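Novice: The sequence isn't on hand, but the structure is:
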Ligand SMILES: *[C@@H]1O[C@H](CO)[C@@H](O[C@@H]2O[C@H](CO)[C@@H](O[C@@H]3O[C@H](CO)[C@@H](O)[C@H](O[C@H]4O[C@H](CO)[C@@H](O)[C@H](O)[C@@H]4O)[C@@H]3O)[C@H](O)[C@H]2NC(C)=O)[C@H](O)[C@H]1NC(C)=O
Ligand SMILES: *[C@@H]1O[C@H](CO)[C@@H](O[C@@H]2O[C@H](CO)[C@@H](O[C@@H]3O[C@H](CO)[C@@H](O)[C@H](O)[C@@H]3O)[C@H](O)[C@H]2NC(C)=O)[C@H](O)[C@H]1NC(C)=O
Ligand SMILES: *[C@@H]1O[C@H](CO)[C@@H](O[C@@H]2O[C@H](CO)[C@@H](O[C@@H]3O[C@H](CO)[C@@H](O)[C@H](O)[C@@H]3O)[C@H](O)[C@H]2NC(C)=O)[C@H](O)[C@H]1NC(C)=O
Ligand SMILES: *[C@@H]1O[C@H](CO)[C@@H](O[C@@H]2O[C@H](CO)[C@@H](O[C@@H]3O[C@H](CO)[C@@H](O)[C@H](O)[C@@H]3O)[C@H](O)[C@H]2NC(C)=O)[C@H](O)[C@H]1NC(C)=O
Ligand SMILES: *[C@@H]1O[C@H](CO)[C@@H](O[C@@H]2O[C@H](CO)[C@@H](O)[C@H](O)[C@H]2NC(C)=O)[C@H](O)[C@H]1NC(C)=O
Ligand SMILES: *[C@@H]1O[C@H](CO)[C@@H](O[C@@H]2O[C@H](CO)[C@@H](O)[C@H](O)[C@H]2NC(C)=O)[C@H](O)[C@H]1NC(C)=O
Ligand SMILES: *[C@@H]1O[C@H](CO)[C@@H](O[C@@H]2O[C@H](CO)[C@@H](O)[C@H](O)[C@H]2NC(C)=O)[C@H](O)[C@H]1NC(C)=O
Ligand SMILES: *[C@@H]1O[C@H](CO)[C@@H](O[C@@H]2O[C@H](CO)[C@@H](O)[C@H](O)[C@H]2NC(C)=O)[C@H](O)[C@H]1NC(C)=O
Ligand SMILES: *[C@@H]1O[C@H](CO)[C@@H](O[C@@H]2O[C@H](CO)[C@@H](O)[C@H](O)[C@H]2NC(C)=O)[C@H](O)[C@H]1NC(C)=O
Ligand SMILES: *[C@@H]1O[C@H](CO)[C@@H](O[C@@H]2O[C@H](CO)[C@@H](O)[C@H](O)[C@H]2NC(C)=O)[C@H](O)[C@H]1NC(C)=O
Ligand SMILES: *[C@@H]1O[C@H](CO)[C@@H](O[C@@H]2O[C@H](CO)[C@@H](O)[C@H](O)[C@H]2NC(C)=O)[C@H](O)[C@H]1NC(C)=O
Ligand SMILES: *[C@@H]1O[C@H](CO)[C@@H](O[C@@H]2O[C@H](CO)[C@@H](O)[C@H](O)[C@H]2NC(C)=O)[C@H](O)[C@H]1NC(C)=O
Ligand SMILES: *[C@@H]1O[C@H](CO)[C@@H](O[C@@H]2O[C@H](CO)[C@@H](O)[C@H](O)[C@H]2NC(C)=O)[C@H](O)[C@H]1NC(C)=O
Ligand SMILES: *[C@@H]1O[C@H](CO)[C@@H](O)[C@H](O)[C@H]1NC(C)=O
Ligand SMILES: *[C@@H]1O[C@H](CO)[C@@H](O)[C@H](O)[C@H]1NC(C)=O
Ligand SMILES: *[C@@H]1O[C@H](CO)[C@@H](O)[C@H](O)[C@H]1NC(C)=O
């Protein structure tokens, strides 16, 4: 199965909200996971099963489905969040990833 | 679960490399029914990240009976095993190419029925570099 | 104007957790069937018309409960058995002697020292050990489990054969059986009938293939969780059995030696006659027919254009990469590579080499390890291959060929096939309804 | 020792008494014990003098 | 000065994995956990 | 018929075969099988007793079907009698009124206690 | 008298002392004695519950002697009433009708169910 | 209110809210906790069942409040009715009757049985 993730990159201020989405080519229920990686650091889990929150992270992160369109919303951006984001489903991984950075 | 990986490795093309991922005090799980410790059903995945590229899933090992499953692209050259006595997992990559250099991560999966392919704990990462 | 009335014994049920008890039909067996309540000669079986109920083989708790059960009986049968710690001694082993080229180096003639019935003396005792049970430190070897876990010998009077056991819910609970012959894993089952309790369930112990067990009715069926999920396994259920004959063509005499006061240990005596290799046979034509039926029923979830290839396991422990099972109180690990070689595209028998192990650690327990005692005489068993535990292999989007391989290990997947058509439910005999009456 | 070549001799605890203390057997609720009060009662057969307990 | 003899470095000959050879093995014990009979303690 | 025979049937048939499916609500060392069986039997007895006590509170003990004194508030359900008793199965009705069960049970309990008190006071004459 | 005192007596004598012997129907670690006692207690409770439920289904719960509405088919026993009530003992009478016992239970259950349905229908108006 | 809410209150308040505590009379390996809990549950069921036995023998099954047909012998308590029902809580009443329970219990059952017999003899006509 193929996963298409958008946008390739985006930029935002401090405290604003952003959204990052990806579409999977099939029906996968809610089996989508969200990963963030700071530069030079090992990626850690934030959203599992596309609507649950991993322990030990802020509650400003959210994720949801609309049909087969999975999205992640960020509110009140704190600029430690600069890094990369990926969505995984099953064995496939989203190519490239989406990099978020301050203005 | 705290995950300790191996060190940075440099290997010439055509050789073989091995990366060790240790997850202490986490292979065994209590079974309150029988009241004894059984080897868990957890999974250990192996991912790689090329310089400036998204992660790629190599394969994973269910450590119960050591069952494995590899990505078909790497099939025939990657072996994945586990040692329950020392609570570690070994990746053995054979006949590396110039593009094989990357940061290799070992990841832990609780293998819960509801959430599929959830990798919670991640190793510090290893630098596998191939050059002539 | 309306009023409320209560009704007792109203046909309402809700899915719920519940402890179930065994019940068999009337020798100490590793499954304590002698403690099972005897079953009635004619189990009650009631059809249910116009009844549609959801089913979920994967969320079923019956499989988990019965797995916990089987574990409990297995441990309990080992508690009153002879401890085998004094075996962890240095073994002076030599190679064994009228042996074919296949079994070269797979049998070791090991002599060593044992504590006798008394203690001031020790005895020199020789025995035969399979190569998979010993590891080098004539040469000095030691048992495979000496630096990890302890060894307890199964008492050589417990029949390891799977005697069918019916799981039965207590009063106030019911079992619903899905009579729909075309029923996949989950979903509604229009043809559902209640029963007092389950049919004959054989707790057959196997990893790669399903032995004996229960067949389908109409045609071979492929049941699984998300077939998109490479991780999730693929249960297969055949419409006709594949008769497999597995045997160990060695005489394999047994020698009972004494290692402690009262406690005795049974070792492998010198084999009388030629030492061949234990093997299994399956009919080539029948196997080809079964595989063709499987691929035809399997193309439905992937498309006719897709190619399907069966390959031997990709690796793991001896008990998963090979076909591991139990026959006549002995353990077999069969190579089974010759059983997966097809490349399906839109009288002869298939011999399978097998190896024998005695240090068994099924359901890996930190600290325990069964030592299977040797069995006198040549041993042979005919079984029905009924299902396969297949696993997919994740492939590229451009690639159009899917590769299936045998899997297993997780015995819950093995056991779900025998309980896929059963659901435990709780009867709620209390209801309220509006009528026009008014109590005086 | 005699049984060491066939058995696993275990010592009875010292303070536990072997003397047979009289005991009573009682059936649970919903059951009765019928005692043959007759003094000429041989092995089997009817007992014309039955008392419950 | 508060650990004068409180901790004892005690070595013995516990058997190795296989029950035939002895291996010299050291450990630490608290003085309240040993009794005299370097010297011999049990 | 038999146990749960009228499960798919409408109200009319089910409301006449209560006894056949109420008859089977109730039918040695410390081994795993033994302890499982003992716990199962005790659980069945406990469930039966809970149901019987609930029946006894509403003053309908010993009766398969009994009438009561509180009316059917349309808030619980607005469906008319005819289609209720000739159109839907028991399971559907239970799923329709499941989340309203506690308050109606309390209503029956209070009404039965009040009726008993009033009957005692009247009998005092 | 006391428990089982009049067992060998007549129907006439025994049919008036039901209570004295019906009253006595209900009257640690995991050792052998403990598990045996627990099993015995739960078995007695289960047996009594079975009997009480069998009383309840025929609408006689809480009644020592209840009257029914099912005719006595003479095929079971054609003996005269006075004969069986003035000469026999209860054991003999039970032995006589042992094989005719499930049928009468079924007839009683159906009769009580029909009577209850008729009572509800009458109480509707 | 709640469980045992009117425990200290007077007769009248308690005699109006019985069912709040009537409904709360009824609410795995072989470890210490398992056997302890199993014994607790079996004992609770047995106690409730003995209570049900005593209620059923008095012909008041399923009724929180039932009346009898035996005189209140003044030898037990010859006190004015109004002061009993307006002064003393149930606890003190029990502490003043506890010596005299068994006899009255027996009287009850006997009367009940006799009544039943008489009723049967009336209904045979
Ligand atoms: C699927 O089901 C079939 C049908 O039951 C089953 O085949 C059976 O396998 C067992 C396994 O050995 C056979 O049992 C043997 O039968 C021979 C002939 O009667 C006996 O001589 C053997 O006796 C040995 O075992 C005894 C156990 O107490 C010892 O006391 C004795 O000394 C011998 O050592 C042994 O009982 C059996 O004959 C067949 N057939 C039938 C009809 O049972 C097959 O094994 C099943 N598939 C599995 C389990 O994978
Ligand atoms: C108990 O004893 C056994 C046997 O001694 C131990 O298994 C052995 O563990 C060693 C650990 O170094 C393995 O050596 C390794 O071999 C691989 C090749 O497979 C090699 O590439 C490595 O560099 C390393 O040398 C050895 O293979 C292995 N043998 C077997 C049969 O398992 C086991 O670890 C011990 N358990 C303990 C100490 O808890
Ligand atoms: C494994 O090796 C042992 C060690 O020999 C074999 O056990 C038996 O050992 C005894 C004494 O060592 C042998 O006795 C001698 O046999 C020779 C030839 O038969 C005879 O000339 C002597 O007088 C003496 O009796 C005995 O032979 C030997 N057993 C056999 C069957 O030869 C054991 O057999 C070996 N295991 C095998 C070969 O599978
Ligand atoms: C454990 O030790 C006892 C004591 O020696 C063994 O019992 C003895 O067994 C031997 C051989 O089985 C018997 O010898 C025979 O005696 C008869 C006379 O009764 C003689 O005619 C025969 O030629 C033969 O020598 C011996 O009688 C017997 N003793 C008793 C008291 O029964 C027992 O077999 C040993 N158990 C083991 C080794 O498992
Ligand atoms: C794939 O697997 C997921 C595992 O959760 C299935 O998703 C569940 O489906 C059931 C329907 O039986 C729903 O009740 C759950 O809410 C779903 N949960 C989640 C997390 O998705 C899904 O149905 C399977 N099939 C497909 C095509 O996705
Ligand atoms: C098993 O059969 C049931 C019955 O049709 C399937 O349930 C429906 O299947 C269709 C076609 O796949 C879907 O469009 C529906 O959405 C399913 N129902 C629900 C409630 O989701 C079920 O999918 C079948 N299982 C498999 C693995 O094919
Ligand atoms: C396997 O070994 C046993 C034991 O020797 C053989 O059984 C003996 O066979 C011979 C003749 O072949 C008889 O004289 C003996 O009476 C048999 N019993 C014993 C105890 O010796 C058996 O024939 C061998 N072969 C098999 C079972 O195929
Ligand atoms: C499995 O099949 C093989 C080959 O068809 C059998 O091996 C032959 O067995 C016969 C009889 O035992 C011997 O005479 C032959 O020498 C064996 N080899 C060959 C090449 O024919 C084997 O016996 C079969 N085993 C079972 C259990 O069916
Ligand atoms: C496995 O064993 C069975 C039973 O011994 C064999 O079935 C026999 O096969 C021969 C030749 O095909 C027939 O003549 C017999 O009538 C069969 N007997 C029975 C009882 O079926 C079978 O051939 C063996 N091999 C395989 C691969 O099944
Ligand atoms: C599955 O079949 C393949 C067939 O190639 C086996 O691969 C060979 O196994 C032998 C066994 O020693 C090795 O010597 C070869 O080097 C292997 N070939 C390759 C390309 O790796 C494989 O072992 C089989 N798997 C099993 C039996 O579990
Ligand atoms: C399982 O069986 C296969 C095939 O019988 C074995 O693969 C053979 O391995 C040898 C030695 O490496 C090669 O010479 C053969 O060419 C291989 N055959 C095939 C078809 O590839 C394999 O080694 C066996 N594995 C085990 C563990 O027994
Ligand atoms: C293997 O499969 C065959 C299929 O025929 C089984 O034989 C049937 O068994 C069922 C139940 O025991 C009977 O109702 C049928 O009458 C049998 N048919 C025939 C033709 O025998 C057999 O029991 C299975 N198990 C084995 C052989 O161990
Ligand atoms: C405890 O005792 C007091 C006084 O003895 C009770 O108070 C009575 O409350 C009722 C309810 O309004 C009044 O009608 C009475 O007049 C009060 N008593 C007096 C003497 O005035 C009280 O109800 C008792 N119970 C509790 C739970 O407090
Ligand atoms: C089954 O038989 C057909 C007949 O030609 C053959 O093409 C196919 O390869 C066979 N499959 C096997 C032997 O797995
Ligand atoms: C099933 O529904 C049909 C609807 O026409 C009805 O006639 C039939 O009686 C129902 N089945 C049962 C067993 O009542
Ligand atoms: C026993 O038989 C005698 C004989 O007449 C009778 O008087 C008596 O009532 C019977 N029953 C008992 C309990 O004595």
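Specialist: Perfect, I can see it now. Numbering: from 1, shown residues only, chains lettered A, B, ... in the order given. Ligands and ions are numbered 1, 2, ... in the order given.

Novice: Would you mark the buried spots in stretch B:66-83?
Specialist: B:66-72, B:74, B:78-82 (16 or more other C-beta atoms under 10 Å in any protein chain shown). C-beta coordinates here come from the backbone N, C-alpha and C atoms, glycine included.

Novice: What parts of chain C come near ligand 9?
Specialist: Remark: the part of chain C in contact with ligand 9 comprises C:243, C:245, C:281, C:282, C:283, C:349, C:382, using C-beta under 6 Å from any ligand atom.

Novice: Touching, the last one and residue C:241? I think so.
Specialist: Meaning residue C:382. No: with contacts counted by C-beta atoms under 8 Å, residue C:382 stays clear of residue C:241, the gap being 10.2 Å.

Novice: Tell me which of these two has more neighbours.
Specialist: The residue with more neighbours, out of residue C:382 and residue C:241, is residue C:241; 16 against 11, by other C-beta atoms under 10 Å in any protein chain shown.

Novice: Tell me which residue of chain B lies closest to ligand 2.
Specialist: residue B:85 (3.3 Å; C-beta to the nearest ligand atom).

Novice: how close does that residue sit to residue C:366?
Specialist: Between residue B:85 and residue C:366 the computed distance is 10 Å (C-beta to C-beta, to the nearest Å).

Novice: Of these two, which one has the most company?
Specialist: Counted by other C-beta under 10 Å, residue B:85 and residue C:366 do not tie: residue C:366 has more neighbours, with 15 against 10.

Novice: who's in contact with the more buried one?
Specialist: By C-beta atoms under 8 Å, 6 or more residues apart in numbering or on different chains, the residues touching residue C:366 are B:28, B:36, B:37, B:38, B:39, C:149.

Novice: Look up the closest residue to the first one, ignoring the ones flanking it.
Specialist: Closest residue to residue B:28 apart from its sequence neighbours, by C-beta to C-beta, 6 or more residues apart in numbering or on different chains: residue B:37 at 4.5 Å.

Novice: What is the neighbour count of that neighbour?
Specialist: Considering only other C-beta under 10 Å, residue B:37 is surrounded by 15 other residues.

Novice: Tell me which residues touch residue 22, please.
Specialist: Unless you meant another one, I'm taking chain A. A:3, A:4, A:5, A:6, A:32, A:70, A:71, A:87, A:94 are the contacts of residue A:22 under C-beta under 8 Å, 6+ apart.

Novice: The intended chain is chain F.
Specialist: Residue F:22 touches C:8, C:9, C:429, F:64, G:57, counting by C-beta under 8 Å, 6+ apart.

Novice: of all those residues, which two lie farthest apart?
Specialist: C:429 and G:57 (12.3 Å; C-beta to C-beta).

Novice: count of neighbours near the residue in chain F that chain B sits nearest to?
Specialist: Nearest residue of chain F to chain B: residue F:32, at 9.8 Å (C-beta to the nearest C-beta). Per other C-beta under 10 Å, the neighbour tally for residue F:32 reads 21.

Novice: my guess is it meets residue C:76, correct?
Specialist: Yes: using C-beta under 8 Å, residue F:32 is in contact with residue C:76, at 6.0 Å.

Novice: what touches both of these two?
Specialist: Common neighbours of residue F:32 and residue C:76 (C-beta under 8 Å, 6+ apart) are residue C:32.

Novice: and chain A, which of its residues are near chain B?
Specialist: A:31, A:33, A:35, A:42-45, A:48-49, A:52, A:54, A:86, A:88-97 (C-beta under 8 Å from any C-beta of the partner chain).

Novice: let's see 7 Å
Specialist: Applying C-beta under 7 Å from any C-beta of the partner chain, we find that chain A lies next to chain B at A:31, A:33, A:42-45, A:48-49, A:86, A:88, A:90-91, A:93-97.

Novice: Give me the buried entries from these.
Specialist: A:31, A:33, A:42-45, A:48-49, A:86, A:88, A:90-91, A:93-94, A:97.

Novice: what's the spacing between residue B:37 and chain H?
Specialist: 16 Å (C-beta to the nearest C-beta, to the nearest Å).

Novice: tell me which residues form a beta bridge with the residue nearest to residue B:28?
Specialist: Beta bridges link residue B:37 to residue B:30, judged by DSSP bridges.

Novice: before we move on, what about residue C:56?
Specialist: residue C:186.

Novice: from the buried ones among the residues of chain A next to chain B, which is closest to residue H:11?
Specialist: Nearest to residue H:11 among those, with distances taken as C-beta to C-beta, is residue A:49, at 59.5 Å.

Novice: Any chance of the backbone angles for the closest one?
Specialist: phi 60, psi 20 (degrees, to the nearest 10).

Novice: give me the number of residues near residue F:79?
Specialist: Residue F:79, neighbours per other C-beta under 10 Å, totals 14.

Novice: Report the separation between it and residue D:21.
Specialist: For residue F:79 relative to residue D:21 (C-beta to C-beta), the value is 71 Å.

Novice: swap in residue C:22?
Specialist: Distance from residue C:22 to residue D:21, by C-beta to C-beta: 38 Å.

Novice: For chain A, which segments count as helices?
Specialist: Taking DSSP state H as the test, none of chain A falls into helices.

Novice: Tell me which residue of it lies closest to ligand 10.
Specialist: residue A:91 (21.9 Å).

Novice: Residue C:23 pairs with what?
Specialist: residue C:166.

Novice: What count of nearby residues applies to it?
Specialist: 21.

Novice: That one against residue C:169, yeah?
Specialist: No: taking contacts as C-beta atoms under 7 Å, residue C:23 lies outside contact range of residue C:169: 10.6 Å.

Novice: helix, strand or coil for residue C:68?
Specialist: Here residue C:68 is recorded as helix under DSSP: H, G, I helix; E, B strand; the rest coil.

Novice: How many residues are close by it?
Specialist: 14.

Novice: got the contact list for the nearest residue to residue B:117 once chain neighbours are set aside?
Specialist: Leaving out its chain neighbours, the residue that sits closest to residue B:117 by C-beta to C-beta, 6+ apart is residue A:90, at 5.8 Å. Shown in contact with residue A:90 (C-beta atoms under 7 Å, 6 or more residues apart in numbering or on different chains): A:1, A:28, A:31, B:116, B:117, C:228, C:229, C:230.

Novice: And residue C:122, by the same measure?
Specialist: Listed by C-beta under 7 Å, 6+ apart, the contact partners of residue C:122 are C:113, C:114, C:115, C:116.

Novice: how near is it to chain A?
Specialist: To chain A, residue C:122 is 56 Å away according to C-beta to the nearest C-beta.

Novice: Any idea what that residue is bridged to?
Specialist: Here residue C:122, judged by DSSP bridges, has bridge partners residue C:115.

Novice: ok, which stretches of the stretch 251-400 of chain C are strands?
Specialist: C:254-258, C:264-268, C:279-282, C:307-310, C:323-327, C:330-334, C:352-357, C:359-360, C:370-371, C:379-391 (DSSP state E, counting those that start in this stretch).

Novice: Quick check: can you name the pairing partners of the third one and their directions?
Specialist: The strands that strand C:279-282 pairs with in its sheet are strand C:242-248 (antiparallel), strand C:352-357 (antiparallel) (by DSSP bridges).

Novice: Report the buried residues of it.
Specialist: Neighbour count says strand C:279-282 has C:279, C:280, C:282 buried, by 16+ other C-beta under 10 Å.

Novice: Mind putting these into CSV with distance to ligand 1?
Specialist: Below are the buried residues of strand C:279-282 laid out as CSV (distance: C-beta to the nearest ligand atom, whole Å):
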residue, distance to ligand 1
C:279, 15
C:280, 11
C:282, 13
